[PDB]
Peer 1: 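Here's a structure for you.
Computed over heavy atoms, backbone and side chain alike; hydrogens, waters and symmetry mates excluded. Numbered from 1 within each chain, the chains take letters A, B, ... in sequence-line order.
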Number of protein chains: 2
Amino acid sequence: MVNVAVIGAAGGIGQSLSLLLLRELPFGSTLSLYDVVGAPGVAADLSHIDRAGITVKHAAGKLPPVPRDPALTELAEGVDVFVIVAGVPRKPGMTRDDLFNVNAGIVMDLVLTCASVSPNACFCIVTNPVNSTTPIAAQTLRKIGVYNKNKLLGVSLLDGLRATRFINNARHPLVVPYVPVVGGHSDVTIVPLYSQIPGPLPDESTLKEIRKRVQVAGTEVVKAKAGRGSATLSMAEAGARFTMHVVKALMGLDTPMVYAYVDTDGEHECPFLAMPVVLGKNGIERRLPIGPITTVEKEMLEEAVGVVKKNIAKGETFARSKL
Amino acid sequence: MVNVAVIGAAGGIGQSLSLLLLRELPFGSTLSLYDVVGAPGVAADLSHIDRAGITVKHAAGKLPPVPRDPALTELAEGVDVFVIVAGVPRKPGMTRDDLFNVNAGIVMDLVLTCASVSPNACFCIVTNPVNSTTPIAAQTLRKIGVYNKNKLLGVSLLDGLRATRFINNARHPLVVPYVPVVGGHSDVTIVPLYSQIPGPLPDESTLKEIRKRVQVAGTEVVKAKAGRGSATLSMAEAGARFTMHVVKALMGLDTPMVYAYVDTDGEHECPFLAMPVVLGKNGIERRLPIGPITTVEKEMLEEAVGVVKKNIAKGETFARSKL
């Protein structure tokens, strides 16, 4: 029925992400686990859970890393959704440029190897920075001639998790299930649109602080972790729920409206944007307009788009330099 | 409504366990997280997930570990369920006896510290070996005079997950939701009762191999992890699901029949046994008979009880030596 592959399944994010998918994947699904170390152990661990009708496959790549790993090529056969989660997490000790360089090459190799075997699969990019790794994946897809603009999804959902949580904490018992977050998935590019959710809002004073908190929430966790790591459990929650939305859409079990960092297909001047889409059996089914926003929200989006464009260009420049 | 504390929440097991509890705890619950390192980060991580009506508390103990940590004493206030999941990994250079001694002393300290503040809480023992750490907890409860035989629960459910999974793999598409597992929670003490599940069974040759695999499934994962770790994801699944059974019973939301390593009251010559109980508003509500079993299952259980008695005596001997 559906075969979902977690590429990078043995890291801190991948393990919890894989656990969530194992518990929620519909009966008859297959969970495929790839990592360059620790994949057999994660698979054995998860295979012991009493899911009925779930098959757990795995493959171990060569350490130290080999490009176009033959083991990944085998695993990628028949996969419908690739969750690209491999690469380094945003932990202290690597700049936002260092993270980009090693992770860009990792995303390139993995997407290249996976799409060469399963070119009609969906690709959910959670490897950071998704503002740049998503266009890098697109360029990789373009290079081998299998790019489908409706099957590449940069996972921006964690922003929505935080934006929803923070506003719900502010006006409890008034609770909403989601908050639109558009633009990008980096501090300067994250734009929550609280004006679009029902109910009275806090003063604009408090609102400014909550918006800022959404944008620097990743740093908030690194600080709370005394610099010993970054968000992994909430990261896994966002990656799984979004993968689930894609899976249910592929199966015709839902046509969900989600916010993701996607190819804009000419609907916005920016080539890629965190924006509302509805998913169907072919991936992105409809690109929706962002909707009415406040002047202050428009100002945030204008500055966000400015650096999103530079994020994209950086990723595309790296990609063409390596082909 | 309910306040569930995960004691050891920053370990591999604790983090995924806490993640599942955050996703599953009913609206209005409180999730409390304690660890000697990393508790603030795990709390910040989980706090960003868009659960409505869930409060996330944490407390950071001293490191190096100090007895009766006052930070734990504060967080223990008002807790209904303690998940003791604070076992230390066995590092190269430690004897198997050394491992038992630090884990037994850890269970003793944390039960002592928590029960002194919240003596009517339920205690779910996940720290291994539960065949011995559960009687150690009981002896600790008895010394401070707050022992409730119905609220001390050794978590043996992972045996049931593997026993259910392996038999479902054997007879698919014939699927059962659970398999009775009695006796203990280690190697020779684990006794699956496949004779009690519906449907035809494999021939006794295949059955012997499946039971053996349940008994040594823990090392199956250690092997698949090249000795660098043990089952954490499936351990977290079992811990969270049993904690959830206890939580729903403390509320008026279920009276579930579960299998757990518990004080047998007067029902068995063995003081502690993995056996069927039904949980209610006061913890264990009914102790149920193990039921009819095969001559082979009877023989396995006889060998198991023999070592469970030794396991108990070992734990109680350690407990008496430290008060």
Side-chain angles (χ1 to χ4, degrees), chain A residues 10 12 15-16 18-20 22-23 27 37-54 58 157-158 160-166 168-169 172-173 175-179 214 217-218 220-238 241, chain B residues 10 12 15-16 18-20 22-23 27 37-55 58 158 160-169 172-173 175-179 214 217-218 220-226 228-238 241:
Chain A
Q15 286 206 39
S16 286
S18 297
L19 166 63
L20 295 183
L22 180 91
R23 286 175 88 249
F27 186 104
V37 57
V42 173
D45 191 5
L46 288 169
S47 69
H48 285 192
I49 295 181
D50 54 350
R51 276 313 305 276
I54 287 313
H58 72 98
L157 177 59
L158 180 53
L161 298 208
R162 292 151 163 169
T164 307
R165 174 58 137 147
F166 298 162
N168 283 340
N169 294 338
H172 183 90
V175 161
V176 296
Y178 82 96
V179 179
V214 176
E220 186 189 297
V221 179
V222 175
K223 283 154 123 181
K225 278 180 189 275
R228 312 208 324 160
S230 46
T232 57
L233 306 172
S234 66
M235 191 82 90
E237 171 69 9
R241 194 143 112 223
Chain B
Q15 291 208 36
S16 289
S18 301
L19 169 61
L20 296 185
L22 178 95
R23 290 172 97 260
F27 184 108
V37 56
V42 175
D45 196 356
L46 291 170
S47 77
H48 287 192
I49 295 178
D50 57 343
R51 274 316 302 277
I54 264 56
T55 301
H58 75 95
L158 179 51
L161 314 198
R162 297 158 158 172
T164 304
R165 174 60 135 147
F166 299 160
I167 200 69
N168 286 339
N169 294 344
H172 184 91
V175 167
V176 297
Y178 82 94
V179 175
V214 178
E220 186 184 298
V221 178
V222 175
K223 253 64 177 296
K225 281 181 190 271
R228 313 181 260 101
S230 50
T232 63
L233 300 180
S234 63
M235 196 103 73
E237 172 71 6
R241 178 139 103 228

Peer 1: What part of B:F166 gets within 4.5 angstrom of chain A, counting heavy atoms only: side chain, backbone, both, or neither?
Peer 2: side chain
Peer 1: Side chain, backbone, both or neither: which part of B:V179 has an atom under 4.5 Å from a heavy atom of chain A?
Peer 2: neither
Peer 1: Checking A:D45 side chain against B:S234 main chain: does a donor-acceptor pair fall under 3.5 Å?
Peer 2: yes
Peer 1: Atom CG in A:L20, atom CZ in B:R23: separation rounded to 0.5 Å?
Peer 2: 5.0 Å
Peer 1: Is A:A217 in contact with chain B via its backbone, its side chain, both, or neither, using a 4.5 Å heavy-atom distance?
Peer 2: both
Peer 1: Please give me the minimum heavy-atom distance between A:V221 and B:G41, naming the atom from each residue.
Peer 2: CG1-O, 4.3 Å
Peer 1: Taking side chain as C-beta onward, heavy atoms only, is B:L233 less than 4.5 Å from A:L22?
Peer 2: no
Peer 1: Output the distance between atom CZ (A:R241) and atom CG (B:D50), rounded to the nearest 0.5 Å.
Peer 2: 4.0 Å
Peer 1: Is it the backbone or the side chain of B:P173 that comes under 4.5 Å from a heavy atom of chain A, or both, or neither?
Peer 2: neither
Peer 1: Mind ranking B:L19, B:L46, B:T164, B:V42 by heavy-atom pairs under 4.5 Å with chain A and telling me who comes out on top?
Peer 2: B:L19
Peer 1: Between atom CG of B:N168 and atom CD1 of A:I54, what is the distance when rounded to the nearest 0.5 Å?
Peer 2: 12.5 Å
Peer 1: Which bit of A:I49 is near chain B, if near means a heavy-atom gap under 4.5 Å: side chain, backbone, both or neither?
Peer 2: both
Peer 1: Quick one: what part of B:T232 sits under 4.5 Å from any heavy atom of chain A, side chain, backbone, both or neither?
Peer 2: both
Peer 1: What part of B:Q15 gets closer than 4.5 Å to chain A, counting heavy atoms only: side chain, backbone, both or neither?
Peer 2: both
Peer 1: Relative to chain B, which of A:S47, A:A43, A:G12, A:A39 shows the most heavy atom pairs under 4.5 Å?
Peer 2: A:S47
Peer 1: Going by distance alone, is a donor N or O of one side chain under 3.5 Å from an acceptor N or O of the other, for A:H48 and B:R165?
Peer 2: no
Peer 1: Can you tell me which of B:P177, B:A231, B:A44 forms the most heavy-atom pairs within a distance under 4.5 Å of chain A?
Peer 2: B:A231
Peer 1: Quick check on A:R162 against chain B: is it the side chain, the backbone, both or neither that has a heavy atom closer than 4.5 Å?
Peer 2: both
